[PDB]
Every structure is written in structure tokens, then in C-alpha cells.
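Chain by chain, the residues run as shown.
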Amino acid sequence: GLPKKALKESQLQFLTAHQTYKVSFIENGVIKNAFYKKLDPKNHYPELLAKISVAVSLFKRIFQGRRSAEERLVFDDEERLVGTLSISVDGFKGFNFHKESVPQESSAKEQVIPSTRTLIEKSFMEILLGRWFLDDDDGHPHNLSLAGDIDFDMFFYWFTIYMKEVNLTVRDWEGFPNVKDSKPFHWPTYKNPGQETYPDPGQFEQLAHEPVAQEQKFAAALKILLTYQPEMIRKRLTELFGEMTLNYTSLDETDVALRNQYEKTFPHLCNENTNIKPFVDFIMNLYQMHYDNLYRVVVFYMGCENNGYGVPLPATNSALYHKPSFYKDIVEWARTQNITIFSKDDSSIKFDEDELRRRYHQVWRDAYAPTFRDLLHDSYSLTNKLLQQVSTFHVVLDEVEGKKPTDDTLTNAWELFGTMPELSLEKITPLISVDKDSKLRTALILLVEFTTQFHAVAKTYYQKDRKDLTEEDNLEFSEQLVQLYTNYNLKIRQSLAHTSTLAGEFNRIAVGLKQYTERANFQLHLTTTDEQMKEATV
Ligand SMILES: Nc1ncnc2c1ncn2[C@@H]1O[C@H](COP(=O)(O)OP(=O)(O)O)[C@@H](O)[C@H]1O
Ligand SMILES: [Mg+2]
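Cut-offs used in this document
For each chain, positions are counted from 1 along the sequence as written; this may not be the entry's numbering. Residues without coordinates are not shown. As they are written, the chains are lettered A onward and the ligands numbered 1 onward, keeping that order. Values reported for side chains reflect all heavy atoms of the structure, with hydrogen atoms and water molecules removed beforehand. Only DSSP runs of H or I with at least four residues qualify as helices, and only runs of E with at least two residues qualify as strands; both kinds are numbered from the N terminus onward. When accessible area is computed with a 1.4 Å probe and restricted to protein chains, residues below 20% of their type maximum are described as buried, those above 50% as exposed, and intermediate ones as partly exposed. Only the protein chains shown count as cover for residues, and all accessible areas are computed by the Shrake-Rupley method using a 1.4 Å probe. Positive charges come from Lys and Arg, negative ones from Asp and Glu, while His and the chain ends are left out of the count. Working definition for charges: the position is that of NZ of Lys, CZ of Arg, CG of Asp or CD of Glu. UniProt positions are given in the numbering used here, feature names are shortened, and annotations may be inferred rather than shown by experiment. Grid points spaced at 1 Å and placed over the protein atoms alone form the basis of the search, with a cavity being a set where a 1.4 Å probe fits but cannot get out and a pocket an open set showing protein on both sides within 12 Å along at least five of seven lines. Lining residues have an atom within 4 Å of a point. In what follows, residue pairs with any heavy atoms lying within 4.5 Å of each other are defined as contacts. We call a residue near a molecule or strand when any one of its heavy atoms sits within 4 Å of it. Side-chain atoms alone can form a polar contact between residues adjacent in sequence; in general such a contact is a pair of N or O atoms within 3.5 Å, and within protein one must be able to donate a hydrogen while the other accepts it. Strand pairing is assigned whenever DSSP identifies at least 2 bridges connecting the two strands. In this analysis a donor is any N, O or S atom within 2.8 Å of a metal ion (3.2 Å for sodium, potassium and calcium), and since water is not included, sites may seem incomplete. Grid points are joined across faces, edges and corners, and a volume is the space filled by probe spheres set on the points. Only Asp, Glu, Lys and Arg are considered charged in this grouping, and only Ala, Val, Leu, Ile, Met, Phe, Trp, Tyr, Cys and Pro are considered nonpolar; every other residue, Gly among them, is considered polar. Think of a nonpolar core as a cluster: buried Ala, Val, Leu, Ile, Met, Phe, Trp, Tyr and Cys residues, connected wherever their side-chain atoms sit within 4.5 Å. Pairing of aromatic rings covers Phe, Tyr and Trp, the last through its six-membered ring, and needs centres within 6.5 Å; plane angles under 30 degrees mean stacked, over 60 mean edge-to-face, and all others mean tilted. Only when the NZ of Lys or the CZ of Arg is both within 6 Å of the ring centre and within 35 degrees of the ring normal is a charge said to sit over the ring. Each reported salt bridge corresponds to a side-chain nitrogen of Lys or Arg within 4 Å of a carboxyl oxygen of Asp or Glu.

- For this deposited structure, the header cites X-ray crystallography as the method used and 3.20 Å as the resolution.

**A short note on the overall build of the protein**
Move 1: Looking only at helices and strands, the protein features 21 helices and six strands.
Move 2: Its C-alpha atoms give the protein principal-axis dimensions of roughly 95 × 55 × 45 Å.
Move 3: Counting every position in the protein, which comprises 538 residues, the buried fraction comes to 53%.
Move 4: Carbon and sulfur atoms make up 48% of the accessible area of the protein, which amounts to about 24,800 Å² in all.
Move 5: Across the protein, the 62 positively charged side chains and the 77 negatively charged ones have centroids separated by 2 Å.

**Overview of the UniProt feature "binding site: ADP" (unreviewed entry) in the protein**
Move 1: As annotated by UniProt and renumbered to match this structure, "binding site: ADP" (unreviewed entry) occupies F35, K37, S86, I87, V89 and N143. For the largest pocket, the lining residues drawn from the annotated set are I87 and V89.
Move 2: Leaving out residues up to four positions away in the same chain, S86 has contacts with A34, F35, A69, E70, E71 and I150.
Move 3: Contacts of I87, omitting those with residues within four sequence positions, involve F25, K32, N33, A34, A69, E70 and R72.

**Here we look at the site of ligand 1**
Move 1: Looking at ligand 1, there are 16 residues lining it, with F35, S86, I87, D151 and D153 nearest.
Move 2: Between an oxygen atom of ligand 1 and a side-chain N or O atom of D153, the distance comes to 3.2 Å.
Move 3: Mapped onto the shell around ligand 1, the elements with two or more residues apiece are strand 4 (30-38) and strand 6 (81-87).

**Thoughts on the sheet that holds strand 4**
The strands that make up a sheet are held in pairs by hydrogen bonds between backbone atoms, and each pair lies either parallel or antiparallel.
Move 1: Spatially, six strands are ordered 1-5-6-4-3-2 in an open sheet, and the strand pairing comes out mixed. The open sheet has two edge strands, strand 1 (7-8) and strand 2 (13-14), and neither has a second partner.
Move 2: Bridging between strand 4 and strand 6 involves five bridges; their strand directions are antiparallel. Paired with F35 across the two strands is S86, which belongs to strand 6.

**Quick look at the pairing of strand 3 (residues 20-27)**
Move 1: With two bridges connecting them, strand 2 and strand 3 associate as antiparallel partners. By the bridge assignment, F14 is partnered in strand 3 with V23.
Move 2: The pairing of strand 3 with strand 4 spans eight bridges and is classified as antiparallel. Among the inter-strand pairings, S24 is bridged to a residue of strand 4, identified as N33.
Move 3: Counted along the chain from strand 3 to the antiparallel partner strand 4, the turn is two residues long, and its residue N28 has a positive phi close to 50°.

**Focus on unusual backbone geometry**
With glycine set apart, most residues show a phi of negative sign, and most peptide bonds adopt trans.
Move 1: Omega for the peptide link from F176 to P177 comes to 10°, which places this bond in the cis form.
Move 2: Phi angles above zero are rare outside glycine, and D135 is one such case at about 55°.
Move 3: Tracing the sequence through the fold places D135 in the loop between helix 4 (125-133) and helix 5 (157-160).
Move 4: With relative accessibility at 12%, the residue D135 sits in the buried group.

**Description of the coordination of the magnesium ion (ligand 2)**
Move 1: Ligation of the magnesium ion (ligand 2) by protein atoms is provided by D151 (OD), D153 (OD) and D153 (OD), these donors lying 2.0 to 2.2 Å from the ion. A single burial state applies to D151 and to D153, both of which are buried.

**Examining the UniProt feature "binding site: Mg(2+)" (unreviewed entry) in the protein**
Move 1: Mapped onto this structure's residue numbering, the UniProt feature "binding site: Mg(2+)" (unreviewed entry) falls at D138, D151 and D153. Maximum C-alpha separation among the annotated residues is 8.3 Å over a sequence range of 16 residues, consistent with a single clustered spot.
Move 2: With respect to the secondary-structure elements, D138 resides in the loop between helix 4 and helix 5.
Move 3: Accessibility expressed as a relative area gives 11% for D138, which makes it buried.

**Considerations on the layout of surface pockets**
The gaps of empty space that remain are located by a probe, the size of a water molecule, rolled over the atoms.
Move 1: Of the voids in this model, the largest pocket is the one considered here, and its volume is about 950 Å³.
Move 2: Looking at the largest pocket, it is lined by 34 residues, and the ones nearest its centre are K32, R61, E70, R72 and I341.
Move 3: In terms of residue count, helix 1 (residues 47-64) provides more of the lining of the largest pocket than any other element does, four residues in total.
Move 4: By residue class, the composition of the lining of the largest pocket is twelve nonpolar, six polar and 16 charged.

**Re empty space enclosed by the protein**
Move 1: Approximately 50 Å³ is the volume found for the largest cavity.
Move 2: Looking at the largest cavity, the residues that line it are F218, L222, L225, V298, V299, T316, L320, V363 and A367.
Move 3: At the level of secondary structure, the elements contributing two or more residues to the lining of the largest cavity comprise helix 8 (211-226), helix 11 (279-299), helix 12 (316-322) and helix 14 (353-367).
Move 4: Among the elements that take part in the lining of the largest cavity, helix 8 stands out by supplying three residues, more than any other.
Move 5: Taken together, the residues of the lining of the largest cavity sort by class into eight nonpolar, one polar and no charged.

**So, the nonpolar core**
Move 1: In this structure, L237, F372, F450 and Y462 are the most contacted members of the largest nonpolar core, which totals 154 residues.
Move 2: Among the elements that line this core, the one with the most residues is helix 11, at 13 residues.
Move 3: Contacts of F450, omitting those with residues within four sequence positions, involve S379, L484, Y488, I492, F506, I509 and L513.
Move 4: Counting residues in hydrophobic clusters, the runner-up holds ten residues, among them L7, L12, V74 and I87.

**What to know about the environment of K22**
Move 1: Structurally, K22 can be placed in strand 3.
Move 2: According to the relative accessible area criterion, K22 is partly exposed, its value standing at 28%.
Move 3: Residues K22 and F35, 13 residues apart in the sequence, show an inter-C-alpha distance of 4.8 Å.
Move 4: With sequence-adjacent residues up to four places away left out, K22 is seen in contact with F14, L15, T16, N33, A34, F35 and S88.

**Description of the packing of aromatic side chains**
Move 1: If you walk through the whole model with that rule in mind, you get 46 aromatic pairs.
Move 2: Clustering of aromatic rings is evident, with ring pairs tying together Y327, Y360, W364, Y368, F372, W414, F417, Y461, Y462, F477, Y516 and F522.
Move 3: Here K51 stacks its cationic end above the ring of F279, 5.4 Å away from the centre of that ring.
Move 4: Between the NZ or CZ atom of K223 and the centre of the ring of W333, over which it lies, the distance is 4.4 Å.

**Some thoughts on the pattern of salt bridges**
Move 1: Within the structure shown, the criterion is met by 31 salt bridges.
Move 2: Between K403 and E415 there is a salt bridge, with the nearest N and O atoms lying 3.1 Å from each other. Taken as a pair, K403 in the loop between helix 15 (369-390) and helix 16 (425-428) and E415 in the loop between helix 15 and helix 16 lie far apart in primary sequence, twelve residues in all.
Move 3: Counted as one network, the salt bridges with shared partners bring together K5, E27, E70 and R72.

Written out as C-alpha cells, the structure reads:
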């Protein structure tokens, strides 16, 4: 029939008597006020645009909670879509236009036109990041509030712009909220809409300068990454859509030329074959694009000395290690939301703490992939210089580089690691000359065994996927690197003692190996406190 969490226009008590009406209705034995929008296929907001706006409302509520209005699908009495709903956000006072009045109580206009310091007290960075995460184009004052956001009819700008009139880059993650590569039309930092109108836009521009605002931005990005439990989000979306198919053919009701625009511009997403498949599978496959994109930017971020606006940003491997409270807060916020807005929901669509832990374990592991690729690449490069000085034919081995951190085809972290296909003890022993042992001949054989074992241990631990990622796997990884360091660190740097730049090059590889063999210990990281980690570095 019609979805479980869908309503019917006949079930709505209008409080008045786009086409926005004020509405109330009954839910779980209590009334819930809301705002009603009616489908207008001939004035934008078609069926599949309205159908995407309700999925966005759910996606956002998973990591924002009550700060993102939940939307519903409303049908007529004959099971035909007619509009969408948007349950009122408790404590929504919206933002002012420069043409509207300026309240005379300073405590009431700090809610309508907020001061940059009051935005940090009310955690508005979490909201602005969510809009940027899903490429929102309508970040104009009335769609934003000091306690949440409500309007989603202009989300997924890269795929939805055609019914009105993804590339999240590291450069935007650095100087956020001053987005510039990702170009919205309305944004709080903008002074003039279309810059790449708020009465005081500079109040939002300063959030990129304040360091406390950047910590809230990181805590927001980590919430988006860790709350993502797809196994439930698929179940919860079917509560709002059921077996509804994608059905992009409904664009014919608006104009057949638009359907032709979509099947020609996006052939891999909305075609004859996908048009009959569930709308859930379509937008989930569409959401994972944004997730993998935000995952590449944040989890692999390696730091910055100065944003374009004043604050230095740490590498996420250091931010997670130095501040273990980030994860401890997401776990507390999850249990809170489990007994808050999910109290009446079933156990099978609640935050699973165990799954949330493995997710953080992944983000922990993958957040270190760069500094372990770097050590393996530095360890590779030094094995070549030794193979040049010891081999008869001055053999230099080629290194297949791994995919860059911003390549849009990158999903898991193990693809960041380069490989040396011919680096094997069985393949290098015959290449050595019995005429060039300055102790460099014994160093090559050692540094080959070292780099092989190193890469082998990284592989076994980085190929474990999230569903098979045991906290013991991180112990195995750490217990071997510490065994690797203790077995080769002395013998190798004793065999390079007589060299100059060649020895110092292995000093940095060993020093880094020791440091990040301990910083990466996950079981030990979960027992730390922000203050314990602030005094352990001095
Ligand atoms: N859940 C909600 N809570 C509070 N106000 C809302 C909600 N949904 C809509 N509104 C009101 O409706 C207006 C936005 O309606 P909508 O049609 O969704 O966006 P737009 O009008 O920009 O297309 C805002 O001015 C807002 O005050
Ligand atoms: Mg709108």
C-alpha cells in the first residue's frame, strides 16, 4: 500500500482555514505541529525532487538529531503522492533579512541576527557543515536557525539543480565555513548572494578564524562519519518510503524534456533499468558518494600550518590521538539520542554501540594510513639506494604508487599504499654482487626483510573490512610493528653506521615507526583522557 511512516492529506487538521500551509496531526498518541508543502510539478518541486527532500531530512537527523526537521510523505486518499511534510523544529526562530526589523531587546535579535560568539555557544558549526556535506544551495536566512535547519528542497545541488531553474575538497574543509571551491548561491559568509542577503555576514566569516569553532567543525565531521550505520538507515528509510521505486519517469508529468535531460546527463543513475528499482537503493547509493567524499577529505587530512583565515589545523591522526573525548562524546550523544527521539522506535533501528565502536576503529585505522604509507614509501626508497650500491647491474626497482587521497574512485584506505612488485628476498638475492660489502650488503638484506614484513603487517590489518575488524586486529598490528622495530632497528642502523645520509635516512624511518606504533594502539587509546594526553606530550 503506502509507507509505514507516511501520512494522508485526509489525516491533517489545517490550522489556517511554495504552497506552504500550517498543519497539525496525530502521532503516537500526541499532536505534532508541522508545515505542509504541496507538489507543484509545473512549478519546480516535482515528485522525485520532493521525494529526495524527505530522504535528506532523515540522513541529516541521523547525525544531527532534533536539529534537523524530519519530513514525511503525504498521500491522497487513493495512494497518490501529493506533497511533503516538515515537523516543526522546537525552538525555531530563523534568521533575519537585512530588510526586516531589528528587535529592540538585544537578547532577541541575538537569535534572529546572531553575534559570532553566540554562534559558538549554540553550536551552529554543526548545522552549516551538514548543509555543505550534502551540497545545499539555499543557505539563505529563513532556512537556517540557531537551533536547527528545516528547508531541504535544494539539496544535492549537483543532481537536483535541473528542477529549479559532488566535489567537497580539502581546500573547503580547511577554511570552513568560507567555502569557495564548493560554490553555493546563498551562504552566511557571503556578503552578496552569488558571491562565488544576511545583515551581518561577517559574523559567520569569523568562524573560520576562531580555533574553538574549528574543533566544533571536526566534532561535526566525526559525527557524520561515525553515526553512519547503513544497516539501520536502510531500514529507517523504508519506514518513510516503503517499496517506492525511483520512478524518475514522473518527470514527464512536469515536462518530458526534463526526463530526457536526466537520462542523458546522468546515464549511470537514472535510466530505464534503475527507474523500476527501489528509491531507497538509489539515494543510498547517492549518499555513499558524499560519505566516501567526506571520508577522503577528513579522515586522511594531514594538517595545515595556517588556514587562509588564521587557524592551524592538526592532522586527524593527531586530533583523534590528542583528544580521545571526540569518540567518547559521540558515544554518549548516541545513547542519548537512543533514549530521546528513538525511544519509541524499535531496537533494530537504534544506534548499535558495538557497530559504532567498529566504525571508530575503522576511522582510527584509516586516519593513520597516510603516515604508514609514508613510512613504507620512505622505507621502499631507501631499499633502492641500497640495491644500487650493492647490485651488479645497479638495479633500481620501480614503485607502483597508490591512489591519491582525493581520487574520486578511492573507497578504502589500503588503496593509498604503493607497492614494489619485485621486492622479495627470493628476487633480490641473485641480484647482489659478492664484491661490494661495506656492511651495505648485509644492510640491504636486512632492510629487505624489514620492509617486506612491514608491508605485510600493514596489509593484513588494513585489508580487514569494517565487518571483520576486531580490536584484537589492532593489537596484532601493534604487537608486530613493535616486534619488527626491536628485531631490525639496531642491526640495520649498525650496518649503516659508517654511511652518512644513508644512515640518517633510516633514522627517520625507525623514529617514525616507533612513534606511530604506539600512537596507533587502539586499546590503549580508549583508556586515555584529554588531560592525560596533554601531559603525556610534555
Ligand atoms: N519544520 C519547520 N519548522 C519551522 N518553520 C518551518 C518548518 N518548515 C518550514 N518552515 C517555514 O517555512 C519557510 C520555508 O518553507 P519552504 O517552502 O520549505 O522553503 P522555501 O519557502 O524557501 O521554498 C520558512 O520561512 C520557515 O519559517
Ligand atoms: Mg526551498
